[PDB]
Amino acid sequence: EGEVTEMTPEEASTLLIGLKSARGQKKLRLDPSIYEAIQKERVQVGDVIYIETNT
Amino acid sequence: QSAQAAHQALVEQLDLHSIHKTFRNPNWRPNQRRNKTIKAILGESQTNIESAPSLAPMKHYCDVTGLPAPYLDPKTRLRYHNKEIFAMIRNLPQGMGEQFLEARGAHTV
Amino acid sequence: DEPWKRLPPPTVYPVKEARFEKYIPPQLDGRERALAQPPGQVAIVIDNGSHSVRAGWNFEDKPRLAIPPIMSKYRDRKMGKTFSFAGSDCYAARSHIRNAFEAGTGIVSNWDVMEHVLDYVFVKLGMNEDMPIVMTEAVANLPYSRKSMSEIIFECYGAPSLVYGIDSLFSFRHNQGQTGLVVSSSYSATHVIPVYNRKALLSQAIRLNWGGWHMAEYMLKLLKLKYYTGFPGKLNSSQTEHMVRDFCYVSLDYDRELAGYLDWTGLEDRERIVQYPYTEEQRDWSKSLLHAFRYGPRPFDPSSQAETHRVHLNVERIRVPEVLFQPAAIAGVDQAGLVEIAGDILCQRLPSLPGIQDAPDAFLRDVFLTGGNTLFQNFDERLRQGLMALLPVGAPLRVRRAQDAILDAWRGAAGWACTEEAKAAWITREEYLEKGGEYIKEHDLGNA
Ligand SMILES: Nc1ncnc2c1ncn2[C@@H]1O[C@H](COP(=O)(O)OP(=O)(O)OP(=O)(O)O)[C@@H](O)[C@H]1O
Ligand SMILES: [Mg+2]
């Protein structure tokens, strides 16, 4: 759960999403299908999002 | 008056001018125009070029009291916290509105 | 009810000003032992600070002199003679003061004032016909200013050799600096300089145009606005400088601490009251936010001379330091804030450099705070929290104070002064005559 710092495509489609909280940043390689889930939510840089990376 | 005489004694004890600086080269004399300004020195160069504006959006603070300001006055262009300060802002003397913009570096010139 | 009746009498602090206090005779004891010290191991160390010129002997742990870079000179109409002063002897009683530096700028500009300051320095050091000189320098000092300072040192004072170094970087080496991010807030400016293998990456340094001088100026404007209807005391920049020193502190949560700062409950503790010297011979003020802002929880009457001659600082306790972090929002300086400057270096610039190895991690393990204008409370803690959010989670961020924020740059220069590293960087008078004063030896602590 964090503020979106980056949403960069890295595949022909796999993203890197950067997430930020008050305590640090992390980057996640996204499966093409959870990326579409994030894209159906209207997520953009600067949004705060919650992700269940297992489910 | 002894206090004035003591004051004379202090300035006479403090004065540099009554002291000969034997280490100073008596022959050397400066160029009188050497006291150029920084703007002039840069102009004569035409690295002391070293920062840039932020891209993060800017928080809004009350021009009067510095508290967070929800509101921007259309008329006087001051940011203000509440109806109390809007009332005061609209009753400022002549030129005081520009005096508040000067602290923000936003005055009309 | 009348809740203010429950409050104690307010504690109030006198104004303070830059003042003359004590004479300083020429310290000829220093000259004698300087002649006794071993060959090639004496130098004069001048920290050329826009707030305070600090000078002394390299073999000593403290400067013997600390002097504002100001002169006063006038013809006394009654004594019929010229008087000249440099430093606190200017009482900073005609106060015809001029300053060597351009306003709010780390660069020397009044070279006649500069020569008067140096004359004072050498007289008080006991120079009486010399030692080589170590001079601190602004981080990207202008070539013309280097030229002018060299000419004075070599042609007026004849000194055998001169070297220029940067006060931020001397302070770092005095504190075992090896690689790190040097964060300096001075009188004139705020700098972030990356340092690698004890050598500064000045090509990657950044200057924020805000410093301890700007804080005094800004505090003055805010007070002249707060009491725009009229304050009887003579408000000046020197008083607000001591107010910024004594009362301001950095907020750890600005826009939440700010939003409640003028709430009546506990404003008695949040306000601080400065007394100027004085002579003596259903809807009301208790609901007015402007009364709380200007006069605090107490009632006010303009009949009381004492109560008319006092300023209440309130929001300016935190609003003034926060200009370092939010320059555009608070004072309109179109420059990135301190955390965003340091973050952009660690995040973007250093990892882009070739051959840099483990950037940022190497630098990030020693963010270092230098210069007097860092001495605010919570300054380190605020900088840590700000950087922590910009860095990958678990990064080994440390923010560290210099052991002294003001003398330590001179102590570093003094220890470095006569080392073989320094003596390789010294320029001799004949090298000056060959190359001119614009030439400088490239070295880890100095400008390109
Ligand atoms: N305890 C303190 N808390 C906060 N600020 C302080 C404190 N002591 C001194 N200062 C401020 O720090 C500044 C002095 O900084 P310093 O002497 O390091 O600068 P300098 O070397 O003269 O600067 P520069 O490199 O710009 O010429 C002044 O603005 C002074 O008011
Ligand atoms: Mg300095």
# chains A, B, ... in the order shown; residues from 1 in each chain; ligands from 1
$ residues_around --residues "range 136-140 of chain C" --least-positions-apart "3" --cutoff "6 Å" --atoms "only C-alpha atoms" --output "list in words"
residues 47 and 48 of chain B; 47, 48, 164, 165, 166 and 167 of chain C
$ residues_around --residues "residue 52 in chain A" --least-positions-apart "5" --cutoff "12 Å" --atoms "only C-alpha atoms" --output "ChimeraX atom specification"
/A:1,28,30,34,37-38
$ closest_atom_pairs --of "chain C" --to "ligand 2" --cutoff "12 Å" --atoms "only C-alpha atoms and all ligand atoms" --output "Markdown table"
| residue | atom | partner | partner_atom_place_in_ligand_line | distance |
| --- | --- | --- | --- | --- |
| C:46 | CA | ligand 2 | 1 (Mg) | 11.0 |
| C:47 | CA | ligand 2 | 1 (Mg) | 7.3 |
| C:48 | CA | ligand 2 | 1 (Mg) | 7.1 |
| C:49 | CA | ligand 2 | 1 (Mg) | 4.7 |
| C:50 | CA | ligand 2 | 1 (Mg) | 6.7 |
| C:51 | CA | ligand 2 | 1 (Mg) | 7.5 |
| C:52 | CA | ligand 2 | 1 (Mg) | 8.1 |
| C:53 | CA | ligand 2 | 1 (Mg) | 9.0 |
| C:54 | CA | ligand 2 | 1 (Mg) | 9.8 |
| C:105 | CA | ligand 2 | 1 (Mg) | 11.1 |
| C:106 | CA | ligand 2 | 1 (Mg) | 8.1 |
| C:107 | CA | ligand 2 | 1 (Mg) | 10.9 |
| C:135 | CA | ligand 2 | 1 (Mg) | 11.4 |
| C:136 | CA | ligand 2 | 1 (Mg) | 8.0 |
| C:137 | CA | ligand 2 | 1 (Mg) | 8.3 |
| C:138 | CA | ligand 2 | 1 (Mg) | 7.8 |
| C:139 | CA | ligand 2 | 1 (Mg) | 9.6 |
| C:165 | CA | ligand 2 | 1 (Mg) | 11.1 |
| C:166 | CA | ligand 2 | 1 (Mg) | 8.4 |
| C:167 | CA | ligand 2 | 1 (Mg) | 5.6 |
| C:168 | CA | ligand 2 | 1 (Mg) | 7.2 |
| C:169 | CA | ligand 2 | 1 (Mg) | 10.5 |
| C:170 | CA | ligand 2 | 1 (Mg) | 10.5 |
| C:171 | CA | ligand 2 | 1 (Mg) | 9.9 |
| C:184 | CA | ligand 2 | 1 (Mg) | 8.5 |
| C:185 | CA | ligand 2 | 1 (Mg) | 8.3 |
| C:186 | CA | ligand 2 | 1 (Mg) | 5.4 |
| C:187 | CA | ligand 2 | 1 (Mg) | 6.8 |
| C:188 | CA | ligand 2 | 1 (Mg) | 7.8 |
| C:189 | CA | ligand 2 | 1 (Mg) | 8.9 |
| C:190 | CA | ligand 2 | 1 (Mg) | 10.0 |
| C:191 | CA | ligand 2 | 1 (Mg) | 10.6 |
| C:211 | CA | ligand 2 | 1 (Mg) | 10.4 |
| C:212 | CA | ligand 2 | 1 (Mg) | 10.5 |
| C:213 | CA | ligand 2 | 1 (Mg) | 11.7 |
| C:370 | CA | ligand 2 | 1 (Mg) | 8.9 |
| C:371 | CA | ligand 2 | 1 (Mg) | 6.3 |
| C:372 | CA | ligand 2 | 1 (Mg) | 8.1 |
| C:373 | CA | ligand 2 | 1 (Mg) | 9.7 |
| C:374 | CA | ligand 2 | 1 (Mg) | 11.6 |
| C:405 | CA | ligand 2 | 1 (Mg) | 9.6 |
| C:406 | CA | ligand 2 | 1 (Mg) | 7.5 |
| C:407 | CA | ligand 2 | 1 (Mg) | 9.5 |
| C:408 | CA | ligand 2 | 1 (Mg) | 10.2 |
| C:409 | CA | ligand 2 | 1 (Mg) | 7.6 |
| C:410 | CA | ligand 2 | 1 (Mg) | 9.3 |
$ select_by_dssp --residues "chain B" --states "strand (DSSP E)" --output "list in words"
residues 71, 72, 79 and 80 of chain B
$ select_by_dssp --residues "range 46-244 of chain C" --states "alpha helix (DSSP H)" --output "ChimeraX atom specification"
/C:111-125,143-151,167-174,212-226,237-244
$ atom_distance --atom1 "CA of residue 394 in chain C" --atom2 "CA of residue 375 in chain C"
27.2 Å
$ interface_residues --of "chain C" --to "chain A" --cutoff "10 Å" --atoms "only C-alpha atoms" --output "ChimeraX atom specification"
/C:385-395
$ write_last_selection --atoms "C-alpha atoms" --output "PDB file, in the first residue's frame"
ATOM      1  CA  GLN C 385      12.292  11.539   7.588  1.00  0.00           C
ATOM      2  CA  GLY C 386      12.181  13.421   4.314  1.00  0.00           C
ATOM      3  CA  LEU C 387      14.973  11.379   2.755  1.00  0.00           C
ATOM      4  CA  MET C 388      13.639   8.094   4.133  1.00  0.00           C
ATOM      5  CA  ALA C 389      10.497   8.431   2.024  1.00  0.00           C
ATOM      6  CA  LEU C 390      12.574   8.917  -1.163  1.00  0.00           C
ATOM      7  CA  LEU C 391      14.817   5.896  -0.756  1.00  0.00           C
ATOM      8  CA  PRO C 392      14.293   2.158  -1.230  1.00  0.00           C
ATOM      9  CA  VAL C 393      12.948   0.636   1.950  1.00  0.00           C
ATOM     10  CA  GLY C 394      15.577  -0.411   4.457  1.00  0.00           C
ATOM     11  CA  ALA C 395      18.301   1.779   2.951  1.00  0.00           C
TER      12      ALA C 395
END
$ interface_residues --of "chain C" --to "chain B" --cutoff "6 Å" --atoms "only C-alpha atoms" --output "PDB file with N, CA and C atoms, in the first residue's frame"
ATOM      1  N   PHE C  83      38.237  58.442  11.548  1.00  0.00           N
ATOM      2  CA  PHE C  83      38.193  57.206  12.308  1.00  0.00           C
ATOM      3  C   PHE C  83      37.895  56.058  11.360  1.00  0.00           C
ATOM      4  N   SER C  84      38.485  54.903  11.641  1.00  0.00           N
ATOM      5  CA  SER C  84      38.232  53.706  10.861  1.00  0.00           C
ATOM      6  C   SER C  84      38.139  52.507  11.787  1.00  0.00           C
ATOM      7  N   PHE C  85      37.249  51.587  11.441  1.00  0.00           N
ATOM      8  CA  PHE C  85      36.905  50.452  12.276  1.00  0.00           C
ATOM      9  C   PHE C  85      36.673  49.262  11.366  1.00  0.00           C
ATOM     10  N   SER C 109      32.472  41.468  -2.478  1.00  0.00           N
ATOM     11  CA  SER C 109      32.223  42.492  -3.487  1.00  0.00           C
ATOM     12  C   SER C 109      32.792  43.865  -3.156  1.00  0.00           C
ATOM     13  N   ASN C 110      32.876  44.261  -1.891  1.00  0.00           N
ATOM     14  CA  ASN C 110      33.495  45.521  -1.484  1.00  0.00           C
ATOM     15  C   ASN C 110      34.929  45.242  -1.046  1.00  0.00           C
ATOM     16  N   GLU C 129      56.023  43.422  10.562  1.00  0.00           N
ATOM     17  CA  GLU C 129      57.284  43.507   9.840  1.00  0.00           C
ATOM     18  C   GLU C 129      58.149  44.655  10.343  1.00  0.00           C
ATOM     19  N   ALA C 140      31.381  27.993  -5.554  1.00  0.00           N
ATOM     20  CA  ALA C 140      31.696  28.139  -6.971  1.00  0.00           C
ATOM     21  C   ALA C 140      32.136  29.559  -7.249  1.00  0.00           C
ATOM     22  N   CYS C 156      49.338  43.542  -2.173  1.00  0.00           N
ATOM     23  CA  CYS C 156      49.311  44.429  -1.022  1.00  0.00           C
ATOM     24  C   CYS C 156      50.073  43.836   0.157  1.00  0.00           C
ATOM     25  N   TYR C 157      49.792  42.585   0.515  1.00  0.00           N
ATOM     26  CA  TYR C 157      50.406  41.974   1.689  1.00  0.00           C
ATOM     27  C   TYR C 157      51.607  41.088   1.390  1.00  0.00           C
ATOM     28  N   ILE C 206      24.679  21.447  -5.671  1.00  0.00           N
ATOM     29  CA  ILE C 206      23.507  22.289  -5.871  1.00  0.00           C
ATOM     30  C   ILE C 206      23.497  23.352  -4.782  1.00  0.00           C
ATOM     31  N   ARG C 207      23.086  24.568  -5.140  1.00  0.00           N
ATOM     32  CA  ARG C 207      22.906  25.670  -4.199  1.00  0.00           C
ATOM     33  C   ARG C 207      21.439  26.073  -4.135  1.00  0.00           C
ATOM     34  N   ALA C 329       6.591  27.923  -1.553  1.00  0.00           N
ATOM     35  CA  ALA C 329       5.318  28.066  -0.860  1.00  0.00           C
ATOM     36  C   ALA C 329       5.371  29.131   0.220  1.00  0.00           C
ATOM     37  N   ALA C 331       8.126  31.544   0.810  1.00  0.00           N
ATOM     38  CA  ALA C 331       8.784  32.800   0.497  1.00  0.00           C
ATOM     39  C   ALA C 331       8.926  33.087  -0.986  1.00  0.00           C
ATOM     40  N   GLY C 332       8.384  32.250  -1.853  1.00  0.00           N
ATOM     41  CA  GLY C 332       8.398  32.496  -3.276  1.00  0.00           C
ATOM     42  C   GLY C 332       9.714  32.284  -3.981  1.00  0.00           C
ATOM     43  N   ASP C 334      11.760  30.340  -6.207  1.00  0.00           N
ATOM     44  CA  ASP C 334      11.463  29.287  -7.180  1.00  0.00           C
ATOM     45  C   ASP C 334      12.589  28.256  -7.249  1.00  0.00           C
ATOM     46  N   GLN C 335      12.803  27.580  -6.131  1.00  0.00           N
ATOM     47  CA  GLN C 335      13.818  26.551  -6.052  1.00  0.00           C
ATOM     48  C   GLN C 335      13.266  25.373  -5.272  1.00  0.00           C
ATOM     49  N   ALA C 336      13.709  24.185  -5.665  1.00  0.00           N
ATOM     50  CA  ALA C 336      13.389  22.958  -4.962  1.00  0.00           C
ATOM     51  C   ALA C 336      13.797  23.035  -3.502  1.00  0.00           C
TER      52      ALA C 336
END
$ residues_around --residues "range 256-262 of chain C" --least-positions-apart "4" --cutoff "9 Å" --atoms "only C-alpha atoms" --output "number ranges by chain"
B: 66-68; C: 251-252, 266-267, 270-271, 289, 292-293, 296, 314-315, 318-319
$ atom_distance --atom1 "CA of residue 10 in chain C" --atom2 "CA of residue 272 in chain C"
8.8 Å
